[PDB]
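A look at the structure
Single-letter residue listing:
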Amino acid sequence: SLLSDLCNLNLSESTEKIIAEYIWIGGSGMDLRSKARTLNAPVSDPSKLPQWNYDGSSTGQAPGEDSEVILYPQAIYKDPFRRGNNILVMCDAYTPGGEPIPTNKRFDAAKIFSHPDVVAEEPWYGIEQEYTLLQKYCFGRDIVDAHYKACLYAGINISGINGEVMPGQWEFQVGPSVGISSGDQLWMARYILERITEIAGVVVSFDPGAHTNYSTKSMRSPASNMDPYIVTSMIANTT
Amino acid sequence: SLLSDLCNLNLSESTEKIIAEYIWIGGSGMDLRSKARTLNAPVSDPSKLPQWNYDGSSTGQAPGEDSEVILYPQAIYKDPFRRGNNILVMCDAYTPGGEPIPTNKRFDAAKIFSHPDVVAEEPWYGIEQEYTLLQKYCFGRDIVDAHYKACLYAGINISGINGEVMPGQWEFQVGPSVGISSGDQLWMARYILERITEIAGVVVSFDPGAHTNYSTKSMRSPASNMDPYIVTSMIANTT
Amino acid sequence: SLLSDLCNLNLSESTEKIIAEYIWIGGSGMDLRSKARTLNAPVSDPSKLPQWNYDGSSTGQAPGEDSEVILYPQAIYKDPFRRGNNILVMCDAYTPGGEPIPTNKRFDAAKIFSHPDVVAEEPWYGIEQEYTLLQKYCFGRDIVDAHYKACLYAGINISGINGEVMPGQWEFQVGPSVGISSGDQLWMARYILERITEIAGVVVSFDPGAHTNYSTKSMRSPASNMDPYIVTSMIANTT
Amino acid sequence: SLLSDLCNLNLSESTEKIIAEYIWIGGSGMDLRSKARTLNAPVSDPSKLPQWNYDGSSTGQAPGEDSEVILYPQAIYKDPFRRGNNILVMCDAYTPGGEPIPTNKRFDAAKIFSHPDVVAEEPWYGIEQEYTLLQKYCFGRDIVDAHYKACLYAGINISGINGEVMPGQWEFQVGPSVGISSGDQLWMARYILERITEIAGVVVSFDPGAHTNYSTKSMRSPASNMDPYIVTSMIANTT
Amino acid sequence: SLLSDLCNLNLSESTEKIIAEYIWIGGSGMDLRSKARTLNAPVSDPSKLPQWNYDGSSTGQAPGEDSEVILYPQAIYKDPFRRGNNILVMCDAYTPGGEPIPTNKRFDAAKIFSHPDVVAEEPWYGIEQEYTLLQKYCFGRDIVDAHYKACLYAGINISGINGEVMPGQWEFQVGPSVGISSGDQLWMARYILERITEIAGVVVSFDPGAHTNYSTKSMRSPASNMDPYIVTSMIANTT
């Protein structure tokens, strides 16, 4: 009863102001980090949403002398937790000057997908990621049901889950999305899980496979902890 | 308060997407299994539902070299746990090629009920199933009341419950559903109980009797853990 | 949070069906029993409700060779727990053939009240019932407040309660109702208490008195565990 | 979750009936106690409510041979707990025959305030009541906030609270009300606190000084556990 | 369930009365204190709100012989813990006669910001305060989420928060506001945190560096536990 009467205030009636949560990829390459900011009005097109920046030296992606790391918005989705107009934004990391940071891995994938052949093919990607739940075939079904509902609420194109033979570990399927967004969504969806898991007190382990589905218009008419952009771009170049 | 604010989000306002839960009889013949999937729009006609697949070797119905088992949609009911428009779909198991799996037991019952004599008789079937609740005449009445409410919410034609002399064990009845659907409903209703029981932390035992009552147009003018299709077809052939 | 999200579903929106809880007096003469049934549509007139049956041998009111006992619907009230259209029904016990069961004590009271002199007098009855609460002037006050509100919700003509000198015990006063219905209501209201007490985990003791108030048209212009029909009929035809 | 789903039923939709809580000063002079009754329709004028009574022998204000104590409704305010239309009534004690009971202390104050000079002056009274909370400047702020909101809900003209230097003990100011009503309100306000405190499981101690503020039309143009009527009437006679 | 059904009553429907909470800086200079009062109608312009006063001897800002300390309304904001129309008011401390109290630090800041040069420059201030949570980059995120939501609800122009490297300590950045109001808001916002922390049972420590951002119209076209009015006025005089 205590402290939960808050966190649900319909701030829209009182203030037109909104919050945006900046999500980016941690320096280690297997960690994800995020922190908040306030915007005067809701923003749905990532072009309108202004850039921002942070201190990267503490994140292990730049030395202390030059720690500032820039961030440009890439994906805009609705926030599942702060159920108002509040939005989550998926943004990538850039070192000062405009060049992509070595841990970005997004700039190359985007420039590959920008090629006319790839966009003409319009590839569809579905990555089959399996995870496990640990204490701090078809335990805690509430966690997975909440995750599924939240992912469909945000805008993640997730197509289905299942139980599996190993005790307590599951798998969820992300549906075919238009181009690199597919890979994007994976990371974003992954983020949501931890927060929901943080509500319960469980530990989510993604440690190892990740089956990749590929399709193109020319025909229709991997590790779990691996960056989807790496496999999504690599399979496109190969095919 | 935690994690229960989720699982109730009215996803209908945000997305037109729906969840569909695929439920089918397990390989052992007494086990019942399911896993989830996502559909673009709700569909209440079982014809329009696409088929789907799964792995049967892990479920004890395939040796392993040929593990894939097919699924055809048979029954559509509303989901009580996810509410909204979410639907449970009852499906039967078929080995590749279209032949029924040995543990199916539905194809023969359906072909018997498809006989013109049986459909002309229009049989009405009422099953008398009793169960017991264990730790993990007229204890935990909340469980049975919740089960009754959920069953009437879904569409199960359940006609009533009662207490009995043995401590804590009850019995519920399925009314006059049209033909083989009656048998269908039994299995489906059984499923719901476990999930509701899964909410509480009890174990449901159906171990042994299930009285079977039959009626047709001609006259009007069994074990608890036994397949309703077997009894509903055997008595139909006898009469 | 768990399992209480159910038991409150507005089943009226989904299905037009209703539950009815058939209520009768136990074989011991002071125990009260009931079990559920389903009706296609809500009905507020006790005449329309069909009769029903049960097993009396397990209830100690008939030997095993001839155990079936009949039930006729007598009183219709709204259900306090199943807050929809669901209705409780108070019914009396009859041995097969149409004769009243020895533990009925109701047919004779009804036939006495059917006398033209009695209906001309239009007697008003208020029975003063005292009870006590045990662990399993003016402790568990929420229990008695809930009882008061639920009884007012159902249709029971109750009027006022209080605490008294002995610790923890209360008493509730039933308003003057039209004839035998008064006695009826007592029993029905009695039932509600146990269910509400069943929600909490208390023991309700009715062991001893029961003050009876009598009034007729002529003038205006007992133990707690005693059947109200006995005192209501005995105090009548005597004044 | 259990037993609290009740006690909030909107009984107004079902029944036009209402509950009414008859409140009177205990025999010892330092106790305020009450018991319930039912009324056919809500009434906001204290004249219309019926005369009533109770048994006073156990209350220590009348011997056993002549125990009945007579009660007339005086003040009507809305109930904070049984929300909706339910009303608390503040009533005084009368020895049978029309004479005020020795512990009443209201008849003399009312007859003093009925004097033309006092009503012409139209005195305003502000009583400074302080209390302490015990285990069973500016601890359990929820209790005092609830008391504040409930008092403003009912109609008690309370003007404010604050903390104080002594650990955990507060004080509240009752605003200037029209004549003797001021004193009236103080008593009822006290009552509400215990009930709210009864929700929590605390002990409210009023043991000692209630500062009294006096004002009239002529100029504008005491123990905490002492009866407000005594000080309110005494200061009026002195001034 | 208990006592939380209260504290949320929509007092607006019943009574037009409102509560107003008077907040003033404590005598020690590092403590902030408050107490409640009642108003006939809601007040949004601080001019309309009448002055008030309190006892300062217990607050350590005046000796016992002359303890009374006056208060004038300065800032009006909406209340998060009482919702509806209820308001908080931030007021400054003055010794009797109209001169500012030595611990005020507000009159001098106001007279400096009232200078024509400063108001012409229209300075924008953003103070960056960090805090730590103790038992009684980017633990208990519910507390900080609730604080952020409450601050945006009240009217505090806070710009965003973040996690940091040291375990459990955060920082919140308040956006630019029109002149001295900026500093004002800081204090007010700080207050809210403790109350929310009071809901949970944590200890908020502000012990240190409050980064100060300064801007004016001329160019556009500090300890954490230090008074914002001191720094916001000192930097204005310097620049």
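- Its PDB header names cryo-EM as the technique used to obtain the model and reports a resolution of 3.6 Å.

- According to the UniProt record, the Subcellular location (unreviewed entry) comment for chain A reads "Cytoplasm".
- Among the UniProt annotations of chain A, the heading Catalytic activity (unreviewed entry) holds the following wording: "L-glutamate + NH4(+) + ATP = L-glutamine + ADP + phosphate + H(+)".

1. Points about the overall build of chain A
- Secondary structure summary: chain A contains seven helices and eleven strands in total.
- By principal-axis analysis of the C-alpha atoms, chain A measures approximately 55 × 50 × 40 Å.
- Taking all 239 residues of chain A together, the buried fraction comes to 52%.
- For chain A, the exposed surface amounts to about 10900 Å²; the carbon and sulfur share of it is 54%.

2. Some points on the pattern of salt bridges
- This structure, assessed with the given rule, holds 35 salt bridges over all chains.
- Note that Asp45 of chain E is salt-bridged to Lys48 of chain E, the shortest N-O span being 3.0 Å.
- A relative accessible area of 58% places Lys48 of chain E in the exposed class.
- The closest approach of N and O atoms between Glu122 of chain E and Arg220 of chain E, which form a salt bridge, is 3.6 Å.
- Residue class for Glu122 of chain E comes out partly exposed when judged on its relative accessible area of 30%.
- Residue classification places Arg220 of chain E among the partly exposed residues on the basis of a relative accessible area of 41%.
- Through salt bridges with shared partners, a single ionic network connects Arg141 and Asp145 of chain C together with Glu21, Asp79, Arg82 and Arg195 of chain D.

3. A closer look at the interface of chain D and chain C
- The partner chain C presents 26 residues to the 28 residues of chain D that form the contact.
- When chain D packs against chain C, the two sides together hide about 2500 Å² of surface, and 59% of this comes from carbon and sulfur.
- Linking chain D to chain C there are three salt bridges.
- Applying the counting criterion to the chain D and chain C interface returns ten residue pairs in polar contact.
- For the side of chain D that touches chain C, the elements supplying multiple residues, two or more each, are α1 (11–14), β1 (18–25), β2 (32–39), β3 (52–55) and α5 (181–200) of chain D.
- A total of six residues in the side of chain D that touches chain C trace back to one element, the largest contributor, which is β2 of chain D.
- Residue composition of the side of chain D that touches chain C, grouped by class: ten nonpolar, eight polar and ten charged.

4. Overview of the relation of the copies chain D and chain C
- Overlaying chain D with chain C gives an RMSD of 0.3 Å, the required rotation being 72° about an axis along which the chain moves by 0.1 Å. Here the copies are linked by what is in effect a five-fold axis. Closest to the rotation axis within chain D is the C-alpha of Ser1 of chain D, separated from it by 5.9 Å.
- When the interface residues of chain D are mapped onto chain C, a mere 4% of them are again interface residues, pointing to distinct binding faces.

5. Structural notes on the sheet that holds strand β1 (residues 18–25) of chain C
Residues and elements named next belong to chain C.
- Ordered in space as β2-β1-β5-β4-β3, the five strands form an open sheet in which the pairing is mixed. Strands at the two margins of the open sheet, each flanked by one partner only, are β2 (32–39) and β3 (52–55). Sheet twist, expressed as the average angle between the axes of neighbouring strands with direction ignored, equals 40°.
- Of the strand pairs in this sheet, β1 and β2 are connected by eight bridges, and their pairing is antiparallel. Each residue of the ladder has a partner; that of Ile18, found in β2, is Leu39.
- Packed on one face of the sheet, helix α5 (residues 181–200) meets β1, β2, β4 (68–78) and β5 (87–94) and runs near 120° to β5.

6. Re helix α7 (residues 228–238) of chain D
- Looking only at α7 of chain D, the buried set comprises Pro228, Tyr229, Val231, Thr232, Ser233 and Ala236 of chain D.
- Summarising the contacts, the buried residues of α7 of chain D are in contact with β5 (87–95), α2 (107–113), β7 (124–135), α5 and β11 (211–215) of chain D.

7. Re the environment of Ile23 of chain A
- Its place among the elements puts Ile23 of chain A in strand β1 (residues 18–25).
- C-alpha of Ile23 of chain A to C-alpha of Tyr77 of chain A: the two residues are 54 residues apart in sequence and 11 Å apart in space.

8. Looking at helix α5 (residues 181–200) of chain B
Residues and elements named next belong to chain B.
- The first and last C-alpha atoms of α5 sit 29 Å apart over 20 residues, in line with the 28 Å expected at 1.5 Å per residue.
- For α5, a buried count of 16 out of 20 residues is recorded, marking the element as mostly surrounded by other parts of the structure.
- Where α5 terminates, the next one or two residues include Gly201, which has phi positive at roughly 105°.

9. Some details on unusual backbone geometry
- Although it is not a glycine, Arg83 of chain B sits at a positive phi angle of roughly 55°.
- With respect to the secondary-structure elements, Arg83 of chain B resides in the loop between β4 (68–78) and β5 (87–94).
- Backbone geometry at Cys138 of chain E places phi at a positive 55°, although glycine is not the residue there.
- You can see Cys138 of chain E is positioned in the loop between β6 (124–135) and α4 (141–154).
- The exposure class assigned to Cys138 of chain E is partly exposed, which follows from its relative accessible area of 22%.

10. Section: the sheet that holds strand β2 (residues 32–39) of chain E
Residues and elements named next belong to chain E.
- With mixed pairing, five strands are arranged side by side in an open sheet as β2-β1-β5-β4-β3. Every interior strand has two partners, whereas the edge strands, β2 and β3 (52–55), have only one. Direction aside, neighbouring strands of the sheet carry axes that sit 40° apart on average.
- Note that strand β4 (residues 68–78) and strand β5 (residues 87–94) share eight bridges and pair antiparallel. Each bridged residue has a counterpart across the sheet, and for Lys78 the counterpart in β5 is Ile87.
- Packing of helix α5 (residues 181–200) onto the sheet brings it into contact with β1 (18–25), β2, β4 and β5, and relative to β5 it is tilted by some 120°.

11. As for the side chain of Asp92 of chain D
Residue and element names in this part refer to chain D.
- As for its placement among the helices and strands, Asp92 is situated in strand β5.
- Taking relative accessible area as the criterion, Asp92 reaches 3% and is therefore assigned buried.
- Only 2.3 Å separates the side chain of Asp92 from the side chain of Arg106, close enough to count as a polar contact.
- For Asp92, the residues in contact, after removing those within four places along its chain, are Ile70, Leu71, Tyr72, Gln74, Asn104 and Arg106.

12. Some points on the packing of aromatic side chains
- In total, this model carries 38 aromatic pairs over all chains according to the counting rule given.
- Measuring from ring centre to ring centre gives 5.1 Å for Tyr22 of chain D and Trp52 of chain D, while their planes differ by 75°; the resulting arrangement is edge-to-face. In this pair, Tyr22 of chain D is assigned in strand β1 and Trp52 of chain D in strand β3, connecting sequence segments 30 residues apart.
- The exposure class assigned to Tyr22 of chain D is buried, which follows from its relative accessible area of 0%.
- We classify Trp52 of chain D as buried; its relative accessible area is 18%.
- Directly above the ring of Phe206 of chain B sits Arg190 of chain B, whose terminal nitrogen or CZ lies 5.1 Å from the centroid.
- Against the face of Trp187 of chain D rests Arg190 of chain D, its NZ or CZ located 4.1 Å from the ring centre.

13. Comments concerning the pairing of β7 of chain D
All names here are of chain D.
- Here β7 runs beside strand β9 (residues 170–178); their pairing, made up of seven bridges, is antiparallel. Looking across to β9, one finds that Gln129 is bridged to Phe172.
- When β7 meets β11, the two strands line up antiparallel, connected through five bridges. Bridged to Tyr125 within β11 is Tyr214.

14. Comments concerning the arrangement of the chains
- Take the nine pairs of chains in contact: the one carrying the most contacts is chains C and D.
- One finds no contact between chain C and chain E; the C-alpha atoms of the two approach each other to within 11 Å at their closest.

15. Re the side chain of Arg190 of chain D
- Tracing the backbone shows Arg190 of chain D in helix α5.
- As a buried residue without a salt bridge, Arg190 of chain D has its nearest oppositely charged side chain in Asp227 of chain D, at a separation of 5.7 Å.

16. A closer look at the environment of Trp24 of chain A
- Looking at the secondary structure, you find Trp24 of chain A in strand β1.
- Relative accessible area serves as the criterion here: at 0%, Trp24 of chain A is assigned to the buried category.
- The sequence separation of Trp24 of chain A and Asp92 of chain A amounts to 68 residues, and the corresponding C-alpha distance is 5.6 Å.
- In contact with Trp24 of chain A, not counting residues within four places along its chain, are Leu32, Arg33, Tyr54, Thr59, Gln61, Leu71 and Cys91 of chain A together with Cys138 of chain E.

17. Describing the environment of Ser67 of chain C
Residues and elements named next belong to chain C.
- The topology assignment puts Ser67 in the loop between β3 and β4.
- In this structure, the C-alpha to C-alpha distance between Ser67 and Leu39, residues 28 residues apart in sequence, is 25 Å.
- When sequence neighbours within four positions are dropped, the list of residues in contact with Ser67 reads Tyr54, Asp55, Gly56, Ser57 and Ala62.
- Within the structure, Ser67 has its side chain in polar contact with the side chain of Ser57 (distance 3.4 Å).
- Only 2.7 Å separates the side chain of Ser67 from the backbone oxygen of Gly64, close enough to count as a polar contact.

Thresholds applied
Residues numbered from 1 in each chain as written, not as in the entry; some residues may be left out. Chains lettered and ligands numbered in written order. Heavy atoms only, no water. UniProt positions renumbered as here; feature names shortened; annotations may be inferred. Helix = DSSP H or I, 4+ residues; strand = E, 2+ residues; numbered from the N terminus. Buried < 20%, exposed > 50% of the residue type's maximum accessible area, 1.4 Å probe, protein only. Areas by Shrake-Rupley, 256 points an atom, 1.4 Å probe, with all protein chains shown as cover. Salt bridge = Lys/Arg side-chain N within 4 Å of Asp/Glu carboxyl O. Contact = heavy atoms within 4.5 Å. Buried area = accessible area lost by both parts, 1.4 Å probe. Polar contact = N/O pair within 3.5 Å; in protein donor to acceptor, adjacent residues only side chain to side chain. Nonpolar A, V, L, I, M, F, W, Y, C, P; charged D, E, K, R; others polar. Least-squares fit on C-alpha atoms. Pairing = 2+ DSSP bridges. Axes fitted to C-alpha atoms, helices over the stretch in contact; angles between N-to-C directions. Expected span 1.5 Å × (residues − 1). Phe/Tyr/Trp six-rings, centres within 6.5 Å; stacked < 30°, edge-to-face > 60°. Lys NZ or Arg CZ within 6 Å of the ring centre and 35° of its normal. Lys, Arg positive; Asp, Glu negative; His and termini not counted.

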